[PDB]
Amino acid sequence: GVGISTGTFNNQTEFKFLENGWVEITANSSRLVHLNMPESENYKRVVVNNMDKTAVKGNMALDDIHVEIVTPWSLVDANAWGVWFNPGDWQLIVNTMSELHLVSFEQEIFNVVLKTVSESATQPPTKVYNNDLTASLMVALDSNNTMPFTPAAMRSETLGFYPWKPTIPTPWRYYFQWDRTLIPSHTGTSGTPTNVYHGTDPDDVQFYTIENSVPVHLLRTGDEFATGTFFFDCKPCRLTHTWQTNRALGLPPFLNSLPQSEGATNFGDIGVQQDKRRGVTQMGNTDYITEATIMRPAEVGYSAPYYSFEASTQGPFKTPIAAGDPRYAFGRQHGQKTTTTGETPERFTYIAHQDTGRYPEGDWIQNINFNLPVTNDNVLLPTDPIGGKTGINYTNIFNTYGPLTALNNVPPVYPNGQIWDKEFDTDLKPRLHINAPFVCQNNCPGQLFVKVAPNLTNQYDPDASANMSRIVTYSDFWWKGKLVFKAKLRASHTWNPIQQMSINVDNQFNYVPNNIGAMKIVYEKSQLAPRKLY
Amino acid sequence: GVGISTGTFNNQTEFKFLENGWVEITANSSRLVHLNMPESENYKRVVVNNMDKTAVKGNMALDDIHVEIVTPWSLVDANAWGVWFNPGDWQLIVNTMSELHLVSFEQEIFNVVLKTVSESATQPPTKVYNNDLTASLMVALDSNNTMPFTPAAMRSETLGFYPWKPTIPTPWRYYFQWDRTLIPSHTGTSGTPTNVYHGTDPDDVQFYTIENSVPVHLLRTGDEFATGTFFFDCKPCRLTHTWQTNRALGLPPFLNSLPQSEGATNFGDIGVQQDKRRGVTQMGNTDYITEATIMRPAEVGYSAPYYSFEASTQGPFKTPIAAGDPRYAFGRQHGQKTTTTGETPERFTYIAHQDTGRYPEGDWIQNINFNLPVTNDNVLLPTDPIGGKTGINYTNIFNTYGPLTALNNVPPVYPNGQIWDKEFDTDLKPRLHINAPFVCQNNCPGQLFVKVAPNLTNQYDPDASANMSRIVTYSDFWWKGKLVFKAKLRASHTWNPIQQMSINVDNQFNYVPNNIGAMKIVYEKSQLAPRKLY
Amino acid sequence: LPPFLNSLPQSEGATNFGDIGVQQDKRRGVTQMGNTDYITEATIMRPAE
Amino acid sequence: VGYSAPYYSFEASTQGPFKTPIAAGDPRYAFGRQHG
Amino acid sequence: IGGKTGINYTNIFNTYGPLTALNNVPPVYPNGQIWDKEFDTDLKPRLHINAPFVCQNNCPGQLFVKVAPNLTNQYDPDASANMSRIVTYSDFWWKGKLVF
Amino acid sequence: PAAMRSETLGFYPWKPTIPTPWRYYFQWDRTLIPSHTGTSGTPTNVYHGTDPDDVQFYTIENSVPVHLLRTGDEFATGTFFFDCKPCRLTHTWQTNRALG
Amino acid sequence: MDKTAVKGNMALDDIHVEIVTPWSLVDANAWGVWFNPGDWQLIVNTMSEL
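Another aspect to go through is the interface of chain B and chain C. Much of the literature gives interface size as the accessible area that the parts lose upon coming together. If you look at the interface, chain B gives 56 residues, while chain C gives 36 residues. Both sides of the chain B and chain C interface together cover about 4300 Å² of buried area, and 58% of this is carbon and sulfur. If you sort the residues of chain B by the area they bury against chain C, B:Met154, B:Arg155 and B:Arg327 come out on top, with a joint share of 17%. Connecting chain B to chain C are 4 salt bridges. Connecting chain B to chain C are 25 residue pairs in polar contact. Put simply, the parts of the chain that give the side of chain B that touches chain C at least two residues each are β3 (44-48), β4 (66-75), β8 (170-175), β17 (309-312), β18 (315-318), β19 (327-330) and β20 (346-349) of chain B. Bridge count between β19(B) and strand β1 (residues 29-31) of chain C: 3 bridges; the pairing is antiparallel.

What follows is about the arrangement of the chains. No other pair among the 15 pairs of chains in contact exceeds the contact count of chains B and C. As for chain D relative to chain A, no contact occurs, and the smallest C-alpha gap between them is 17 Å. Nowhere do chain C and chain E come into contact; their C-alpha atoms are at least 14 Å apart.

The next subject is the environment of A:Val374. All names here are of chain A. With respect to the element layout, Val-374 can be found in the loop between β21 (365-366) and β22 (379-380). Classification of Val-374 by relative accessible area gives partly exposed; the value is 32%. Here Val-374 is in contact with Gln-366 and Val-379, once residues within four sequence places are set aside.

Before going further, it helps to spend a moment on the side chain of F:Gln27. Summarising the element assignment, F:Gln27 is placed in the loop between β1 (20-25) and β2 (29-32). Using a relative accessible area of 1% as the deciding quantity, one classes F:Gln27 as buried. Reaching out from F:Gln27, the side chain makes a polar contact with the side chain of D:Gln15 at a distance of 3.4 Å. Here F:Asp51 takes part through its backbone nitrogen, which lies 2.6 Å from a polar atom of the side chain of F:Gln27. If we ignore the near neighbours within four places in the chain, the residues touching F:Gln27 are B:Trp243, D:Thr14, D:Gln15, F:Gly49, F:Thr50, F:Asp51 and F:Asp54.

A separate point is the packing of aromatic side chains. Residues and elements named next belong to chain A. In total, this model carries 83 aromatic pairs over all chains according to the counting rule given. Taking the centre distance of 6.4 Å and the plane angle of 55° together, the rings of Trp-81 and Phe-438 count as tilted. Across the pair, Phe-438 and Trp-81 agree in class, each one buried. Feature note: the residues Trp-81, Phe-85, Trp-90, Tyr-414, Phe-438 and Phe-485 constitute an aromatic cluster, connected by ring pairs. A cation sits over an aromatic face here: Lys-480 above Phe-110, 5.7 Å from the ring centre.

Turning our attention to the state of the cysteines. Per the counting criterion, the structure on display carries 3 disulfides over all chains. A:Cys440 shares a disulfide with A:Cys444; S-S distance 2.0 Å. Residues A:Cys440 and A:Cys444 are joined through a disulfide that is right-handed, its torsion about the S-S bond being 90°. We classify A:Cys440 as buried; its relative accessible area is 0%. The class for A:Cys444 is buried, based on a relative accessible area of 6%. Shown here is the disulfide that connects E:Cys55 with E:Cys59, its sulfur atoms set 2.0 Å apart. Judged by the sign of its S-S torsion, about 90°, the cystine formed by E:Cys55 and E:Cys59 is right-handed.

How each quantity is defined
Residues numbered from 1 in each chain as written, not as in the entry; some residues may be left out. Chains lettered and ligands numbered in written order. Part of a larger assembly, values for the part shown. Heavy atoms only, no water. Contact = heavy atoms within 4.5 Å. Buried area = accessible area lost by both parts, 1.4 Å probe. Salt bridge = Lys/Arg side-chain N within 4 Å of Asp/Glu carboxyl O. Polar contact = N/O pair within 3.5 Å; in protein donor to acceptor, adjacent residues only side chain to side chain. Helix = DSSP H or I, 4+ residues; strand = E, 2+ residues; numbered from the N terminus. Pairing = 2+ DSSP bridges. Buried < 20%, exposed > 50% of the residue type's maximum accessible area, 1.4 Å probe, protein only. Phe/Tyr/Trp six-rings, centres within 6.5 Å; stacked < 30°, edge-to-face > 60°. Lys NZ or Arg CZ within 6 Å of the ring centre and 35° of its normal. Disulfide = S-S within 2.5 Å.

Okay, here's the thing in structure tokens:
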């Protein structure tokens, strides 16, 4: 079946309007993947140590020591908005829909090709490329999710973001258990602190192998491989933002005095002594009913320790937060001006709100007796130092998460954000994930692994440390996916128009190529349109 | 039926999504109309003369002389976008739809009320208002369009634009035939030019009366009046704009030389001698194939005489144009800051494009022999004077309308634009109307006329020039309409996002009221989204 | 729709004209002359020609 | 039968000048080798 | 006109109107175009100067060809470089049928 | 249409031909003011740039399904039926001076 | 511009912008692609409308 294609190229996205403001978005995405022979046909357990870095009292956060099992397989990840939608599409989705539902997903590998490089060592010397018509491309689709979940979006290693630009899969590797101790220290810290990699705990050792836990298919040119259709089990993602804070929840105080002429200084006036007002308060002490005192239903948002690093058996790690900022570093293949030189990533900090965010500088604590103006001794301000440290206040320690905490889930981040994420297999689970807006609880699509089957030479001896020598082979194959969403059309509820993504005299050139054909994909806001929270 | 309401107030707009990217927009609009007794119960033929103004050699365009028949009836006009949609709605329609179809229209008059004012001439003196429970409000709906078509949008005299602000109908009046001569003159013109109103031509006299050609209903409080549903016969209005001009129609010339490094000065190069190129030209003379010479299918847009005033039996009038600018003057009730003082209208010049527009300064004409660089004697430029006038060039006279003229229809102008317009009853008709995007050819909704029936006093004598004296009466009544459109949802066809109406840190306050409750409705662009013309 | 006359005649007479009663540049209505604020019977916008 | 139009008239719009097209009676065809 | 020695009213002149009769473009063998797509404007040209046949609503779709990228063993998406590919080219037969 | 730049398929059955590189216009602003040999001072001639509102970057990959044909493969279009008026192969000669 | 910069060389204006695609177009829209001289004679000589 050499002279016959086994698939079709399709990179169109279709919006099929169903019944009652609900539409069905079908994002088709296909690409040409380039894959090289494994640098090593073996599984390696590799340790990464960098104490020297962390050895510098004050450089703890720069800790990279970990252990990973390097597999001879590559992973074809497409989990990132940039892989399915282009700027124009994102505008549409983001501007006219009000919520998105992730529905199904399927992939296929067609028109497989395997070539061979001959080093025609003549003069220059030359180099030749030929077709190995009988060579095979190994494919494995871990449907039962046996293998560790390794989303490539976290290291900006997904498939390209341009339909017309060949891409490639990423070398697959996963974490291996290890013990490590690193004790905090600042510039002044005396003597060498404790910084040591202890090793591996036998009881947590898990050496995974694809061969052993997943059936492998060998695809020759004539062959093709197709995944079935997976249907997710995720909650709907919203494309609306709330803005209210406890200070804007409920019936505003009745103004007994209203302005009588336009004017920035023409304010209205409640017109009632702060301690002779009616209403509800949760302060059994005072008779003071103020906008900061009046009782609200619950609390929109919470406060958490900032730049807090906790430690467990593998080392320190930043205490994650649900507030509002992700920082995305990437490049060339996923945005970053294509013609850009050097090897410095491009990046952005997607800022998302005032929906649950906090201004620490505005926080403060007072003595139960109240008694204002409050005395310095009865107030702990975000200015008074903790532990004697000049740069540490109670807020860095503070946590106001509790039974009344209201909160929203992560918004979509085009085009660098991950789309769906697998849930933790713990008995109690995170009320949300910080990395993706969609989390398949029970079932998530299985990972797809590719690998160029070993093209041996006439000389091969299993019983020899040597290192099998094989014909230089590589494979190019097309990949095609289909991600289906279900979305609801938004409606206008206010008299005033609203936030909409548009092209300006300023963005204009972030959506077109240049005289050299350089390109780039700029990030974009996703939940632009207020929604009444209460 | 005095103590019982006869209608419901509804000012909601509903979008009902049907099948296949088509939605049904139902704009409901109801309002409280205030109506006063006729200043005169009679029909008057009134002449308006202002020669003194036009008598000033050079002030011809300021000619207002006309004759009109003043009727004792008021007209309830709702034909203007501002009456049916608010800013938020217009954004939705304009941003997500790709074409609009005017479908049906119906009105109703309910909860009629008639009051009487008593001048309690005590001290101040006082004033009293009472209910005339047996008084009637006269209503007439000219279904057969017997009466002259007088759209109130042309003089900014529609119903209000705010649901919560009582409005009023406009005194109805229509043109009466008259003869008038006014001869052009400029400041220097010598002797008094000819400026005279000749009178009326018996053969064109048409004195229209509602009583005589329309059935009138008398509505007392308990009564209510409802129009049936009219279905228009109009072409679809587009919500997309084209941008191509003959210079951008077709296969661009093949560049034999392309840039090799980014750079504003790194241009591509056709790479072929202008007279040794292949292609098609409509210039049988030259061998010059240039972007301004190469042959295009037809012509996008045309050129017409500018600030041309033509004259017919009623006087001078500006020669109308289909190009791209309307100027809208209005106020208080239809936009203009509500609290604004004085009596100076608010206004704007809706600029709409580069779709068919022309830059006269760029036009020029040359001798058939061609022969360039062209000699002054073989070129008439938009600079060389015509008729000796320093400020007149051939372009002011010029007209390039013909068999190849491509062209689009008027876009919607929110909120001051008229919605539909009646077609001329001439054997040959305008390929379009400059005042509205929708033109019912055969059938247009009939005009609705209101009038407070005469509340006579005990003293009334028909046979006396006097002037019937009647009890001071006035009526308030609610009006409610329903305009239905059918629209298609737009799709993304380019890789780049597109123009979208949005709220900025700049418009923000054009969509909210002030501390005094002042309000205003700012105009907005309607066909924002390119469409491939060819 | 003819312009609304704010002043109407009060006695028969060939010279008893009505009067729009509004400054030519402070009137409301539609014009196709993006320059001026002059809305005159020769300036006001008409459907077609 | 027929009409008269401005000759060697170039009009201008947002992309530049362009010859005012005509319906009269002449097209000029430049080509080569592969098409004659 | 305008003082120009080489400009007369005719160069300005236009006598197109309600009584203008006129015919469409004739076929030009063998260099003329056959059919042309109509402008998507609300008002359209009474004719096209480039072809005698104009499909109003529907015109045949354009056919685009392109040699798929024949990569070499060395290819790196994340590099400004400029993908290097094996020099490839294609020959193929085309066959059409136009019916009048 | 490639006929406007004489870039169609060959005209001889027995002579291999080739397709043309596809390219299309992109919106741009440009001013050029008329002038004749005598015109004084440098006239206005400038390319202003691109208007964001008329930007349309088209991609085949993104808006058309692509087929990959290997030797053994073949591709066929269906039959399109035009909607055009008849073209005449007759000429009229009368002018107002010969009517009636 | 240099070309058009020559007062009197306006018609020789070529400035434009184009998007160069990596695709080629197979155009057959031209009489010469479908009929040869002999055929054109026949059509043109004996038919009255096409």
